[PDB]
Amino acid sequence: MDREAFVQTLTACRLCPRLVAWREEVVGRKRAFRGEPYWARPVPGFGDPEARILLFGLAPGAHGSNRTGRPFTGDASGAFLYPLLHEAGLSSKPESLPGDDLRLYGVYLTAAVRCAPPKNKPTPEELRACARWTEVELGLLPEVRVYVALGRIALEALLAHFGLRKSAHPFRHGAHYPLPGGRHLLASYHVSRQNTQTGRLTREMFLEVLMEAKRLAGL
């Protein structure tokens, strides 16, 4: 199917009962946004359809993409990620605002699970379910040469996608693994506030990941 069909069918998905419930349950729970409209639906990927680089996240944040409708938009993860994409020369501007004209150059963003999960922890069954969408979405990104897993969950999801053994591809920040056709699989700590604010993942470390991804992608 083409992208329009992908977006149409994805947004109507209701395969995971716990997530169909949670994504609406959190609406109005955060003071700063009470009374505002929430997307509260599956989150479609965003970016360059001709991207050579794919940043693969974990899932929608309750008041992040689950609220704005765009990956990494409206929360601490995006506050960290988007300015860095611009600093690396991969976007039109530093900030991402729903409904703006932000363009990503050579990069596309999505995640393992597309509906906000409780405690940011999807179940093994929910991951297997949404993996069907990963197949469809990555299938619509023919030019990707570098797949960047943001966090352990994301890496494992990508390993399943490529039919790779976990034992041979452990999760460690900076890990680099080869993929068929001269492609690459990179692993980085997730951009979560828990990782950046605690010093586990610094702005320097992530920009480096981005610069390495560009290098490996021929950009």
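Start at 1 with the first residue shown and count on from there.
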Where do the C-alpha atoms have the higher mean temperature factor in this entry, in 85-93 or in 121-129? 121-129
Mean Cα B factor from the PDB record: higher for 175-183, or higher for 27-35? 175-183
Identify, among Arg67, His161, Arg52, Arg193, the residue whose C-alpha carries the highest B-factor in the deposited PDB entry. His161
Assert third(CA B-factor, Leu150) within chain per record equals lowest
Which third, lowest, middle or highest, does the CA B-factor of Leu10 fall in along this chain? middle
Where the record places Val136 (Cα B-factor, split into thirds across the chain): middle
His169: CA temperature factor from the record, placed by chain third, in the highest
